[PDB]
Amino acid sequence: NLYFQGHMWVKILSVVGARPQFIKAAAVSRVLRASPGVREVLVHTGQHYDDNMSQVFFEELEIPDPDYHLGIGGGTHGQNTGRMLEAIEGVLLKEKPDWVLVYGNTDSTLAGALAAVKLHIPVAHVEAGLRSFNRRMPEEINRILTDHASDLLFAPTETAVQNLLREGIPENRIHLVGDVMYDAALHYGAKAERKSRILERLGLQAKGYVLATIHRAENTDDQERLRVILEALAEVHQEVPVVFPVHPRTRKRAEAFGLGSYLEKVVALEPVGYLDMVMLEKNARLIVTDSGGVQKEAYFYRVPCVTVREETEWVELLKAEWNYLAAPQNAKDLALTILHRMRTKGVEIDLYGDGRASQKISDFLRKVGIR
């Protein structure tokens, strides 16, 4: 035996529930699965369950079948989170992992953190420390409580680091690693370029359209806010075609509120896969969204962005002038704002790291040691 023979396994269990969590997990899981002395276990809470919200990401992003599908979703915050909490705990007692990874800030994120910390299993938070400072948002609650329940905090931004320090989280548990969604954009771009012909199937050409997505509860749960958004987009479409993959939350609200006819006024799609989405974003003249990740991706592709919200967690994008908030207060103004910004670019700047946040995270999990 010449070389040193290591005898130590760590079991890392990831908890995912929703579309953006599968994307982040695809970047991180792949590095962990390739890491010596790492056994990864993946739990799918069931929060997102339609194939174009879940299965399609497992296919295109090459994620192994979850070890557990919990089958929980569609309910209230109370039912989803409550049921996930108890179910995730069951798994934890079975699998007895050394670390629990949770991602972003869905109800699934919070359920996993809570299930784990009370069993004294160390929680690590991928995308830690983002603040909208708007507690009406369920996502803000989620990230605050998850962060304060975590033993490791993988911040993507300096602002995120500052947020955590300001809430008394000790500096030694915080690591600025950048953003794994940039890793993912880099890792899957060639496959998107190879495999999507969404542009060919919509008869669209590069820079000849605007891409839009809207699903924030505060935008969809209010009939008249939603109307401002659908009406604005419809106005924009007369000037530049608007492509709009429509989230199931958004469709369900549009329907119940009777606003369905507005979707005839733009190029509305079922929700798309990541590969088609990359191609759509890459080639847009402008992106209008209330998504977190999409704001970032627009910048990756150096496409201008409008965020239809009263705030963003991703403030560096505003400072760099790649992003611009426009709250949905009236349709005329929203539309005018969109058309004006279609002519803009931000400044050249390198945000979100080197595309290897996944490797940093894996390295930090493996070397923390038994406290």
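The numbering used is simple: start at 1 and walk along the sequence shown. Here, rigid core means the biggest group of C-alpha atoms that superpose within 1.5 Å across both forms.
*Asks:* Comparing C-alpha positions in 6 other deposited structures of this protein against this form, with the rigid core used for the fit, which stretch differs more, 303-311 or 36-44?
*Replies:* When 303-311 and 36-44 are compared in 6 other deposited structures of this protein, the bigger C-alpha shift is seen for 303-311.
*Asks:* Superpose on the core, then say which of 183-191 and 208-216 ends up with the larger RMS Cα offset from this form in 6 other deposited structures of this protein.
*Replies:* Looking at 183-191 and 208-216 in 6 other deposited structures of this protein, the bigger mover is 208-216.
*Asks:* Higher average CA B factor in the deposited record is what I'm after, so tell me if that's 20-28 or 5-13.
*Replies:* For C-alpha atoms only, the mean B-factor is higher in 5-13.
*Asks:* Pick between 103-111 and 233-241: the one whose mean CA B-factor in the entry is higher.
*Replies:* Between 233-241 and 103-111, it is 233-241 that shows the higher mean C-alpha B-factor.
*Asks:* Determine which member of 128, 287, 204, 275 has the highest CA B-factor, using the values in the deposited entry.
*Replies:* Highest C-alpha B-factor among the listed options: 204.
*Asks:* Just the C-alpha B-factor column, please: which of 148, 175, 197, 216 has the biggest number?
*Replies:* Comparing C-alpha B-factors across 148, 175, 197, 216, the top value belongs to 197.
*Asks:* Taking the entry's C-alpha B-factors for this chain, is residue 345 in the lowest, middle or highest third?
*Replies:* Its C-alpha B-factor belongs to the highest third of this chain's values.
*Asks:* According to the PDB entry, is the CA B factor of residue 182 in the bottom, middle or top third of its chain, that is, lowest, middle or highest?
*Replies:* Within its chain, residue 182 is a lowest-third residue by C-alpha B-factor, going by the deposited values.
*Asks:* For residue 132, does the deposited CA B-factor place it in the lowest, middle or highest third of the chain?
*Replies:* As the PDB entry reports it, the C-alpha B-factor of residue 132 lands in the middle third of its chain.
*Asks:* Within this chain, which third does the Cα B-factor at residue 323 fall in: lowest, middle or highest?
*Replies:* For residue 323, the deposited C-alpha B-factor lands in the middle third.
*Asks:* Tell me, lowest, middle or highest third: where does the Cα B factor of residue 222 rank within its chain?
*Replies:* Top third by C-alpha B-factor.
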